[PDB]
Amino acid sequence: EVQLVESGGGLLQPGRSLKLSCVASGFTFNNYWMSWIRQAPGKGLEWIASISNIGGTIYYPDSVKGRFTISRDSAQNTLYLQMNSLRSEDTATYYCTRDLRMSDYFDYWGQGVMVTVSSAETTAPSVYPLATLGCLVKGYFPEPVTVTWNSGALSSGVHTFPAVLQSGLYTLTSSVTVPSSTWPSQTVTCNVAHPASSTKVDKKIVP
Amino acid sequence: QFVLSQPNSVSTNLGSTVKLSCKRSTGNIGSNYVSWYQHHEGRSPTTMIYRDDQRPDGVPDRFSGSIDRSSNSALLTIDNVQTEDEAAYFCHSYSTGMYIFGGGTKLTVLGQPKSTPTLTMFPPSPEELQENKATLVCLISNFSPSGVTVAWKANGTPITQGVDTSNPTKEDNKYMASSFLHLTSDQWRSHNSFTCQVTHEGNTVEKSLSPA
Amino acid sequence: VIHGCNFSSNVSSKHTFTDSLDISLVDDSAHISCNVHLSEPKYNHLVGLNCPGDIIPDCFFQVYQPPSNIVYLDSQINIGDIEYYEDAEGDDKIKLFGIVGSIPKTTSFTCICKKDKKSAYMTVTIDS
């Protein structure tokens with residue numbers, strides 16, 4: 001069947017270049033136009049580059065001309081996208097598409113490669129107590145970071161909220177709803193685990 | 001060049017007919033081919049309508065493409081909507097050198113009844129105040145659909161600087177979201193009012209916090 | 001002079017084709033034909049195409065057989081000294097090929113030019 005396996009992205013500091021690759025299978029490679037589609041978090045689909053059957057026609061919008069360069073290799077049946085001088089506004093998911101020119105639509109879509117551009121540093125989180133009790137994990141990178149109550153004592157009642165970028169750093173909160181006769185009659189502990197820095201922080205909530 | 005405008009989100013019940021519009025800025029929409037794509041959260045997009053009305057093999061016959069020249073728009077009609085249709089829908093058109101896409105329409109299928117959010121406020125921690133830093137937490141839960149816009153008010157005035165809000169994700173049975181407000185240690189205790197407003201389905205739910 | 005077909009509407013151009021048909025004035029979903037026929041013993045001609053939109057396929061290096069499969073010109077015409085040229089005048093795309101010498105067998109090929117929903121293809125036939 002038709003498959004568009006794409007790879008070659010990840011996390012890197014701004015200014016560095018990156019070349020995405022998309023190997024195509026299941027169809028004659030030098031007989032169909034191909035394109036790259038970008039989707040940023042919350043901005044929707046955005047076309048960035050397009051190449052013809054053997055590179056006879058090249059297309060970019062007036063927003064990334066000169067900075068991006070689409071390429072094609074027949075000996076490897078591969079579609080390449082060289083993104084030089086990566087900026088913070090380039091963090092998005094990229095897909096490679098086989099489109100049909102005579103019908104003006106993308107027939108097949110690729111797998112999807114995430115590209116994240118940030119000057120952020122791999123640093124340990126900061127845990128704070130919130131008095132329903134809460135544990136606030138602020139200023140951490142990278143993901144994931146988990147928050148368990150009493151080292152996994154009770155499963156039902158704990159709700160952990162997703163993270164959000166504040167100043168190029170993730171931040172989340174984990175809450176639990178407790179009855180009246182339990183708190184503050186019982187000691188409550190919060191264990192926050194971050195595997196990247198291998199940091200386990202234990203906190204307590206007392207008013 | 002032209003711009004394709006699409007509504008942000010539309011809500012329709014199960015087993016009904018929905019029509020998604022796609023208006024063109026400049027030029028007649030009938031002159032260029034229109035395509036419709038379905039993009040699910042965390043997955044690659046799939047082609048739904050390739051020509052103006054033709055659909056490819058694999059798309060159910062309930063999906064249909066049409067062109068309304070009276071309003072210079074493209075309509076995607078879905079009869080007997082199923083739960084699997086909850087995804088984003090994108091309108092595309094090519095015009096000699098540029099592939100213009102639409103804004104995108106988040107289709108939400110109404111299966112569960114309407115629910116209003118429940119807010120949980122959290123003031124800055126004492127250890128953070130010893131650190132001279134203020135972070136206010138606003139937890140929103142038990143709300144459907146995900147159409148929710150949050151805001152923060154300091155003593156009644158809308159404060160925009162230092163607001164970080166995540167997106168609603170599927171937890172429990174309804175959506176769930178969090179919001180955070182940055183504030184200076186001394187600027188927090190200066191004014192004795194900080195409210196977290198949540199606008200969902202017309203209901204503007206509010207909850208306050210005071211340093212007293 | 002170019003023994004080809006011109007589908008562009010730009011009145012000012014440094015290229016001069018033997019046949020010009022404005023594609024912007026024809027009906028939608030209609031197809032225009034522009035046949036080219038060469039029948040001389042030895043050729044030293046330049047045959048090309050000026051399309052105001054897109055070209056299918058990447059033409060004159062790979063061509064469309066007279067749905068059908070895409071072949072390559074160097075093997076269809078069977079001569080390894082075919083020269084290729086290109087140019088761009090705004091949105092207009094000019095693709096040309098110069099041919100020198102004889103040809104072992106009469107051959108024919110086709111190239112499509114599409115702008116919006118309008119599409120028109122030109123055919124080239126070289127008799128040995």
# chains A, B, ... in the order shown; residues from 1 in each chain; ligands from 1
call {"tool": "closest_atom_pairs", "arguments": {"of": "chain A", "to": "chain B", "cutoff": "9 Å", "atoms": "only C-alpha atoms", "output": "tab-separated table"}}
result
residue	atom	partner	partner_atom	distance
A:43	CA	B:103	CA	8.0
A:44	CA	B:104	CA	6.4
A:45	CA	B:101	CA	6.7
A:46	CA	B:101	CA	6.7
A:47	CA	B:99	CA	6.4
A:48	CA	B:99	CA	9.0
A:58	CA	B:97	CA	8.9
A:59	CA	B:97	CA	6.2
A:60	CA	B:98	CA	7.5
A:61	CA	B:98	CA	6.5
A:95	CA	B:44	CA	7.8
A:103	CA	B:51	CA	6.3
A:104	CA	B:33	CA	6.2
A:105	CA	B:50	CA	5.7
A:106	CA	B:47	CA	7.2
A:107	CA	B:47	CA	6.6
A:108	CA	B:46	CA	7.4
A:109	CA	B:45	CA	6.6
A:110	CA	B:44	CA	6.9
A:111	CA	B:44	CA	6.2
A:112	CA	B:44	CA	6.7
A:128	CA	B:125	CA	6.1
A:129	CA	B:125	CA	5.8
A:130	CA	B:125	CA	5.8
A:131	CA	B:122	CA	6.7
A:132	CA	B:120	CA	8.1
A:133	CA	B:122	CA	8.9
A:134	CA	B:122	CA	8.0
A:136	CA	B:137	CA	8.5
A:159	CA	B:171	CA	8.2
A:161	CA	B:178	CA	6.3
A:162	CA	B:166	CA	6.8
A:163	CA	B:166	CA	6.7
A:164	CA	B:166	CA	5.2
A:165	CA	B:164	CA	7.1
A:166	CA	B:164	CA	5.9
A:171	CA	B:180	CA	8.9
A:172	CA	B:178	CA	8.0
A:173	CA	B:178	CA	8.0
A:175	CA	B:139	CA	8.7
call {"tool": "write_last_selection", "arguments": {"atoms": "N, CA, C and O atoms", "output": "short mmCIF file (atom, residue, chain, number, x, y, z; two decimals), in the first residue's frame"}}
result
data_model
loop_
_atom_site.label_atom_id
_atom_site.label_comp_id
_atom_site.auth_asym_id
_atom_site.auth_seq_id
_atom_site.Cartn_x
_atom_site.Cartn_y
_atom_site.Cartn_z
N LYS A 43 -2.86 26.87 15.55
CA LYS A 43 -2.86 27.71 14.36
C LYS A 43 -3.44 27.04 13.13
O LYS A 43 -3.68 27.72 12.13
N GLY A 44 -3.68 25.73 13.17
CA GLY A 44 -4.26 25.04 12.03
C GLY A 44 -3.23 24.61 11.01
O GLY A 44 -2.01 24.68 11.21
N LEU A 45 -3.74 24.15 9.87
CA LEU A 45 -2.90 23.64 8.80
C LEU A 45 -2.32 24.78 7.98
O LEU A 45 -3.01 25.76 7.67
N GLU A 46 -1.05 24.64 7.61
CA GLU A 46 -0.33 25.67 6.86
C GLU A 46 0.63 25.00 5.89
O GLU A 46 1.49 24.23 6.31
N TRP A 47 0.47 25.30 4.60
CA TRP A 47 1.37 24.77 3.59
C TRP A 47 2.67 25.57 3.58
O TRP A 47 2.67 26.80 3.71
N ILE A 48 3.80 24.86 3.44
CA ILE A 48 5.12 25.46 3.57
C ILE A 48 5.98 25.24 2.33
O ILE A 48 6.78 26.12 1.97
N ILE A 58 9.03 24.22 -8.26
CA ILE A 58 9.19 24.34 -6.82
C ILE A 58 8.32 25.48 -6.33
O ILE A 58 8.23 26.53 -6.97
N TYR A 59 7.67 25.28 -5.18
CA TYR A 59 6.70 26.23 -4.65
C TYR A 59 6.94 26.45 -3.16
O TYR A 59 7.06 25.49 -2.40
N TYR A 60 6.99 27.72 -2.76
CA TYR A 60 6.99 28.14 -1.37
C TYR A 60 6.12 29.38 -1.26
O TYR A 60 5.96 30.12 -2.24
N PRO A 61 5.54 29.64 -0.09
CA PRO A 61 4.86 30.92 0.13
C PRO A 61 5.86 32.02 0.45
O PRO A 61 7.02 31.77 0.78
N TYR A 95 3.98 17.13 8.16
CA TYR A 95 3.55 15.97 7.40
C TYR A 95 4.04 16.10 5.96
O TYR A 95 4.12 17.21 5.42
N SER A 103 -6.09 17.25 -9.91
CA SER A 103 -7.30 17.37 -9.11
C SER A 103 -7.16 18.36 -7.96
O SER A 103 -8.16 18.64 -7.29
N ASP A 104 -5.96 18.88 -7.71
CA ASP A 104 -5.72 19.91 -6.69
C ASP A 104 -6.15 19.44 -5.30
O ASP A 104 -6.99 20.06 -4.64
N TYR A 105 -5.57 18.33 -4.87
CA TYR A 105 -5.81 17.83 -3.52
C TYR A 105 -4.70 16.87 -3.14
O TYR A 105 -4.06 16.26 -4.00
N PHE A 106 -4.49 16.74 -1.83
CA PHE A 106 -3.46 15.86 -1.29
C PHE A 106 -4.07 14.47 -1.12
O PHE A 106 -4.95 14.26 -0.29
N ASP A 107 -3.59 13.52 -1.93
CA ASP A 107 -4.17 12.18 -1.92
C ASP A 107 -3.80 11.42 -0.65
O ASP A 107 -4.68 10.89 0.04
N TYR A 108 -2.51 11.36 -0.33
CA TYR A 108 -2.04 10.62 0.83
C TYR A 108 -1.24 11.54 1.75
O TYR A 108 -0.51 12.42 1.29
N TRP A 109 -1.37 11.31 3.05
CA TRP A 109 -0.67 12.08 4.07
C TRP A 109 0.34 11.19 4.79
O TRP A 109 0.21 9.97 4.85
N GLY A 110 1.37 11.84 5.34
CA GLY A 110 2.44 11.14 6.00
C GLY A 110 2.10 10.74 7.42
O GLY A 110 0.95 10.74 7.85
N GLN A 111 3.15 10.39 8.17
CA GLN A 111 2.98 9.93 9.55
C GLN A 111 2.87 11.11 10.51
O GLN A 111 1.90 11.22 11.27
N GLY A 112 3.85 12.00 10.49
CA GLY A 112 3.86 13.15 11.37
C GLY A 112 5.12 13.23 12.20
O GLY A 112 5.43 12.30 12.96
N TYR A 128 5.20 23.26 45.01
CA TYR A 128 4.57 24.14 45.99
C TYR A 128 3.27 23.52 46.47
O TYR A 128 2.59 22.82 45.71
N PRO A 129 2.89 23.75 47.73
CA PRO A 129 1.62 23.22 48.24
C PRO A 129 0.50 24.24 48.13
O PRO A 129 0.67 25.44 48.37
N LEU A 130 -0.70 23.75 47.79
CA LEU A 130 -1.86 24.59 47.53
C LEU A 130 -2.99 24.17 48.45
O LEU A 130 -3.55 23.08 48.31
N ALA A 131 -3.33 25.05 49.40
CA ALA A 131 -4.44 24.83 50.31
C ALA A 131 -5.35 26.06 50.35
O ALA A 131 -6.57 25.94 50.31
N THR A 132 -10.34 20.28 48.89
CA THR A 132 -9.48 19.96 47.75
C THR A 132 -8.07 20.51 47.96
O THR A 132 -7.88 21.71 48.10
N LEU A 133 -7.09 19.61 48.00
CA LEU A 133 -5.69 19.97 48.15
C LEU A 133 -4.99 19.89 46.80
O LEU A 133 -5.40 19.13 45.92
N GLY A 134 -3.92 20.67 46.65
CA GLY A 134 -3.22 20.73 45.38
C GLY A 134 -1.72 20.75 45.54
O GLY A 134 -1.19 21.20 46.56
N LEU A 136 1.48 22.10 43.13
CA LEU A 136 1.82 22.89 41.95
C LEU A 136 3.25 22.60 41.53
O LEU A 136 4.18 22.78 42.33
N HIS A 159 -6.81 13.93 40.55
CA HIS A 159 -6.95 14.45 39.19
C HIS A 159 -5.77 15.36 38.89
O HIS A 159 -5.59 16.38 39.55
N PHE A 161 -3.92 17.80 36.19
CA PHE A 161 -4.22 18.69 35.09
C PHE A 161 -3.04 18.80 34.14
O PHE A 161 -1.88 18.70 34.56
N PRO A 162 -3.29 18.99 32.84
CA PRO A 162 -2.19 19.06 31.88
C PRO A 162 -1.33 20.29 32.10
O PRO A 162 -1.72 21.26 32.76
N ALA A 163 -0.14 20.24 31.52
CA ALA A 163 0.83 21.31 31.67
C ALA A 163 0.61 22.39 30.62
O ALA A 163 -0.06 22.19 29.61
N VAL A 164 1.20 23.56 30.88
CA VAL A 164 1.09 24.70 29.98
C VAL A 164 2.39 25.49 30.05
O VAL A 164 2.96 25.67 31.13
N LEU A 165 2.86 25.94 28.89
CA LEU A 165 4.07 26.75 28.81
C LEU A 165 3.80 28.15 29.34
O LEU A 165 2.92 28.86 28.83
N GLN A 166 4.55 28.55 30.37
CA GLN A 166 4.48 29.89 30.96
C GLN A 166 5.60 30.79 30.46
O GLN A 166 5.35 31.79 29.79
N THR A 171 4.39 23.71 33.32
CA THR A 171 3.86 23.96 34.66
C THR A 171 2.47 23.35 34.75
O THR A 171 1.63 23.59 33.88
N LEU A 172 2.23 22.57 35.81
CA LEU A 172 0.94 21.91 35.99
C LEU A 172 0.57 21.89 37.47
O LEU A 172 1.31 22.39 38.33
N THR A 173 -0.59 21.30 37.76
CA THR A 173 -1.08 21.14 39.11
C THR A 173 -1.82 19.81 39.23
O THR A 173 -2.41 19.33 38.26
N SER A 175 -4.62 17.88 41.83
CA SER A 175 -5.57 18.12 42.90
C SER A 175 -6.18 16.81 43.40
O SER A 175 -6.15 15.78 42.71
#
call {"tool": "closest_atom_pairs", "arguments": {"of": "chain C", "to": "chain A", "cutoff": "8 Å", "atoms": "only C-alpha atoms", "output": "CSV"}}
result
residue,atom,partner,partner_atom,distance
C:56,CA,A:101,CA,7.7
C:57,CA,A:53,CA,6.9
C:58,CA,A:56,CA,5.3
C:70,CA,A:31,CA,6.9
C:114,CA,A:102,CA,7.6
call {"tool": "atom_distance", "arguments": {"atom1": "CA of residue 65 in chain A", "atom2": "CA of residue 91 in chain C"}}
result
15.9 Å
call {"tool": "residues_around", "arguments": {"residues": "residue 108 in chain B", "least_positions_apart": "4", "cutoff": "7 Å", "atoms": "only C-alpha atoms", "output": "PyMOL selection string"}}
result
chain B and resi 10-12+86
call {"tool": "write_last_selection", "arguments": {"atoms": "C-alpha atoms", "output": "PDB file, in the first residue's frame"}}
result
ATOM      1  CA  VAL B  10     -20.052  24.039  15.522  1.00  0.00           C
ATOM      2  CA  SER B  11     -22.118  21.747  17.756  1.00  0.00           C
ATOM      3  CA  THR B  12     -24.598  19.216  16.371  1.00  0.00           C
ATOM      4  CA  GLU B  86     -15.740  14.644  16.353  1.00  0.00           C
TER       5      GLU B  86
END
call {"tool": "residues_around", "arguments": {"residues": "residue 109 in chain B", "least_positions_apart": "4", "cutoff": "12 Å", "atoms": "only C-alpha atoms", "output": "VMD selection string"}}
result
chain B and resid 9 to 18 78 80 to 88 113 to 114 144 to 146
call {"tool": "residues_around", "arguments": {"residues": "range 65-76 of chain B", "least_positions_apart": "4", "cutoff": "6 Å", "atoms": "only C-alpha atoms", "output": "ChimeraX atom specification"}}
result
/B:19-23,29,53
call {"tool": "select_by_dssp", "arguments": {"residues": "range 82-163 of chain B", "states": "alpha helix (DSSP H)", "output": "ChimeraX atom specification"}}
result
/B:126-130
call {"tool": "decode", "arguments": {"residues": "range 12-47 of chain C", "atoms": "N, CA and C atoms", "output": "compact mmCIF listing (two decimals), in the first residue's frame"}}
result
# COMPACT_ATOMS: atom_id res chain seq x y z
N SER C 12 3.78 41.16 -23.16
CA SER C 12 5.21 41.43 -23.25
C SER C 12 5.98 40.18 -22.85
N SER C 13 6.78 39.65 -23.77
CA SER C 13 7.57 38.46 -23.51
C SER C 13 8.73 38.41 -24.49
N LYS C 14 9.89 37.96 -24.01
CA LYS C 14 11.07 37.84 -24.86
C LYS C 14 11.05 36.58 -25.72
N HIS C 15 10.07 35.70 -25.53
CA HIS C 15 9.94 34.48 -26.31
C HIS C 15 8.81 34.63 -27.32
N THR C 16 8.99 34.02 -28.48
CA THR C 16 8.01 34.06 -29.56
C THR C 16 7.70 32.64 -30.01
N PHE C 17 6.46 32.21 -29.81
CA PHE C 17 6.01 30.88 -30.19
C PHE C 17 5.26 30.92 -31.51
N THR C 18 5.20 29.76 -32.17
CA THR C 18 4.50 29.66 -33.45
C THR C 18 2.99 29.57 -33.29
N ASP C 19 2.50 29.16 -32.12
CA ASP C 19 1.08 29.03 -31.87
C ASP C 19 0.76 29.51 -30.47
N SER C 20 -0.22 30.40 -30.35
CA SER C 20 -0.60 30.98 -29.07
C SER C 20 -2.11 30.90 -28.90
N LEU C 21 -2.55 30.31 -27.79
CA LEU C 21 -3.97 30.20 -27.47
C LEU C 21 -4.17 30.59 -26.01
N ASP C 22 -4.90 31.67 -25.78
CA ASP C 22 -5.14 32.15 -24.42
C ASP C 22 -6.09 31.19 -23.70
N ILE C 23 -5.59 30.56 -22.63
CA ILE C 23 -6.39 29.59 -21.89
C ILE C 23 -7.35 30.26 -20.91
N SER C 24 -7.12 31.54 -20.58
CA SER C 24 -7.96 32.22 -19.60
C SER C 24 -9.34 32.56 -20.16
N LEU C 25 -9.51 32.50 -21.48
CA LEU C 25 -10.76 32.90 -22.12
C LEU C 25 -11.65 31.72 -22.48
N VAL C 26 -11.20 30.49 -22.26
CA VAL C 26 -11.97 29.32 -22.66
C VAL C 26 -12.86 28.86 -21.51
N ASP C 27 -13.83 28.00 -21.82
CA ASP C 27 -14.78 27.53 -20.84
C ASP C 27 -14.12 26.57 -19.85
N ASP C 28 -14.69 26.49 -18.66
CA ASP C 28 -14.20 25.57 -17.65
C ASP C 28 -14.41 24.12 -18.08
N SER C 29 -13.50 23.26 -17.65
CA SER C 29 -13.49 21.83 -17.97
C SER C 29 -13.34 21.55 -19.46
N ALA C 30 -13.09 22.58 -20.27
CA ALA C 30 -12.83 22.40 -21.69
C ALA C 30 -11.35 22.16 -21.93
N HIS C 31 -11.04 21.47 -23.01
CA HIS C 31 -9.68 21.07 -23.33
C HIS C 31 -9.29 21.60 -24.70
N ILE C 32 -8.12 22.23 -24.77
CA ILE C 32 -7.59 22.78 -26.02
C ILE C 32 -6.46 21.87 -26.50
N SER C 33 -6.42 21.63 -27.80
CA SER C 33 -5.37 20.83 -28.42
C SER C 33 -4.46 21.72 -29.25
N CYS C 34 -3.16 21.45 -29.17
CA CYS C 34 -2.15 22.22 -29.92
C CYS C 34 -1.14 21.22 -30.47
N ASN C 35 -1.42 20.73 -31.68
CA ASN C 35 -0.58 19.71 -32.30
C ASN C 35 0.65 20.34 -32.95
N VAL C 36 1.79 19.67 -32.80
CA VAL C 36 3.04 20.07 -33.42
C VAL C 36 3.55 18.90 -34.25
N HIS C 37 3.97 19.17 -35.48
CA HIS C 37 4.40 18.13 -36.41
C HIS C 37 5.71 18.55 -37.05
N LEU C 38 6.76 17.75 -36.86
CA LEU C 38 8.05 17.97 -37.49
C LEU C 38 8.34 16.83 -38.45
N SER C 39 8.67 17.17 -39.70
CA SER C 39 8.89 16.17 -40.75
C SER C 39 9.93 16.71 -41.73
N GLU C 40 11.16 16.83 -41.25
CA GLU C 40 12.31 17.23 -42.05
C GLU C 40 13.40 16.18 -41.90
N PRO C 41 14.30 16.07 -42.87
CA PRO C 41 15.35 15.04 -42.76
C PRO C 41 16.27 15.25 -41.57
N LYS C 42 16.84 16.44 -41.41
CA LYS C 42 17.68 16.77 -40.27
C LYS C 42 17.07 17.95 -39.52
N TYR C 43 17.04 17.84 -38.20
CA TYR C 43 16.38 18.82 -37.35
C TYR C 43 17.41 19.64 -36.59
N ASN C 44 17.15 20.95 -36.50
CA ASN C 44 17.90 21.86 -35.65
C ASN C 44 16.93 22.87 -35.05
N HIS C 45 15.83 22.37 -34.50
CA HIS C 45 14.73 23.19 -34.04
C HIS C 45 14.68 23.22 -32.52
N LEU C 46 13.92 24.18 -32.00
CA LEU C 46 13.71 24.36 -30.57
C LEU C 46 12.20 24.32 -30.32
N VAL C 47 11.73 23.27 -29.65
CA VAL C 47 10.31 23.06 -29.42
C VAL C 47 10.03 23.26 -27.94
